[PDB]
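Next up, structure tokens for two forms of one chain, structure 1 and then structure 2.
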Structure 1
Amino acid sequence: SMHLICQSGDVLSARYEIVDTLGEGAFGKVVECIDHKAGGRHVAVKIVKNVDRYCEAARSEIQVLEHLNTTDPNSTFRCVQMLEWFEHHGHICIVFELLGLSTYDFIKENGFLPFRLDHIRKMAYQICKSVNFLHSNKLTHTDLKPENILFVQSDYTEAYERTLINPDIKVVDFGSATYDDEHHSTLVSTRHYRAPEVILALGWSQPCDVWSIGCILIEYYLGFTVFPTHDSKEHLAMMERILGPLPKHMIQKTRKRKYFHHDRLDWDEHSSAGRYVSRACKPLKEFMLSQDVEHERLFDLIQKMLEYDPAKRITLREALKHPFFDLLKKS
């Protein structure tokens, strides 16, 4: 029904000619357009689904990008540039600079092969620098995931594996981003990248994004998420498998007391769900594919990003100084 107003050859705002579909989902559709009033430049246009959740997210996204784009006009910190917005047949339309495939789409269209370590380093630095800029501007993204990290240009080499020519990224999808001064929603983040303080409803802020990035880097390294579940209890069980027991102070503070017996997770290891967790999940370091010190440095950084206590958890400002990033500074 939304597709009635975003077919290729359709013209939006009497200038943007749809030439292709870049993404679609519950949120709506992103389309590649020729901009006939900017010399035929190609742009991206997000056509927002006509439902509460997405309309409100889009109105907020527009406000956040005005502020971030004004603040960083050169896009030194790699937040996508919003060119304008307008309304088309009742749909909110956000115009962006054109970006390439998401890191997710790249992984998938590569048959779920992981990224090479040298690209992971360069991507992890740009993601930490980008989201650190949010964090310096009293913002938390809340929804970082591979689908929200896009390549600037996703052209690749193909050999006996696709390899990006340029692994430069930008960060998109700012409709959930929350200012420090705002009242915080309870359910933030996509299941698989959600921080323990969010699941336990302890309150969250910038550190929940650090957790999400830790989950992202391990997914780039493995080609699969390390938290493959749709259940809060199971998710906490997986965290315990990979990172050890939760701190007692977070158990004691949570209203979700039923999840815990004495001060440990009430979880049958020997149930069908318990065997699933023991199969798919194991201690973090056992996920390393080489003992090579560069792989150890990456895993040290991920471990600090997956610190349970969001106060002790490494900041992105600290992450940028991590030794894992020295091979970028060898110049």
Structure 2
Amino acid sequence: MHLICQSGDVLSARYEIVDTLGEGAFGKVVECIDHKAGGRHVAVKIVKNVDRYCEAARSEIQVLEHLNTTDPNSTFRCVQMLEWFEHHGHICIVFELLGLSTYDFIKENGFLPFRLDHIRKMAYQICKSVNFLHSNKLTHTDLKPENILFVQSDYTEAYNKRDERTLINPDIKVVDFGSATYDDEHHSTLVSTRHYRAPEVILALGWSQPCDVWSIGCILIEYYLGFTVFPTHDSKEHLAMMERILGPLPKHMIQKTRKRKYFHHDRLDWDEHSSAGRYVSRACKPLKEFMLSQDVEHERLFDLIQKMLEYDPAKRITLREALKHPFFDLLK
């Protein structure tokens, strides 16, 4: 990868690398001048020449071809692919250029949270975008702040606690369709590492579009706080955190699951006095205690978040319903 993505490199006799925009598991995204499109700047996703990742890239290209034909005006804010090609055996996907991810923005802003008015706008766009995927028999599966990109991330700075950066325009798009799965496709029952895994994913109960809703609830809490309420990679710890924040797992889900490794009799097999246990007790608390204000717009936000973090994926709010929530009435 190091060998093919340096500034000044030309890809496909067309795209001149001017900068690296980011790095992920899949490889790297670079900013290029498109010399056959009048010098337009584009993003180019450079994928690792590794089976797993090439496969995911071919899949993302098929999804994006479908989405971009279905929504040619990008009314629903999914990243627009321009074309793709191969370069020294690596799959390269060309995208309209976007700005900094929401994750990166929070990081470069000292983990300061977004202002509620910006959260409302961003939440609405993310809901409408992902609802579009849901309407086309797709599940994203990997929604997280790192996969939500600002269209343009210019900001202003002012003293508040501390100095803060505030977006001038908080418009976003949804990116990374390398994990997106169609309804009639084989669903990975092993879901791999994810920022925010839904309980039905952890418990191998089956997953579909509701698992996106769960992730979006988690995104919204992270936007409001500046940090995730589930600071863990471990699946049992994650369940332990869920119980602290959201209450006990429903009996009916515990009864159904084959993941008996997490359970002992009817209850989570969790030692509250272990290292991980003590940390969970410190780091997690009931959802609504995370509120920074009791003001009604905060209550509106937290009501939506709680609905998105409903354990049972059948009962969980759909995006179509979330779009009609009171939190969004100010945008009407």
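All residue numbers here refer to structure 1's sequence, counted from 1. Note that the rigid core is defined as the largest set of C-alphas that superpose within 1.5 Å between two forms.
- After superposition on the rigid core, the C-alpha displacement between the two structures reaches 2 Å or more for just one residue among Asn110, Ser75, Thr254, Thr190, namely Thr190.
- If you fit the rigid core between the two structures, you'll see the Cα of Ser272 move by 2 angstroms or more.
- In the core-superposed comparison between the two structures, the CA atom of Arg317 travels 0.2 Å.
- In the core-aligned comparison between the two structures, the Cα atom of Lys233 sits 1.2 Å away from its counterpart.
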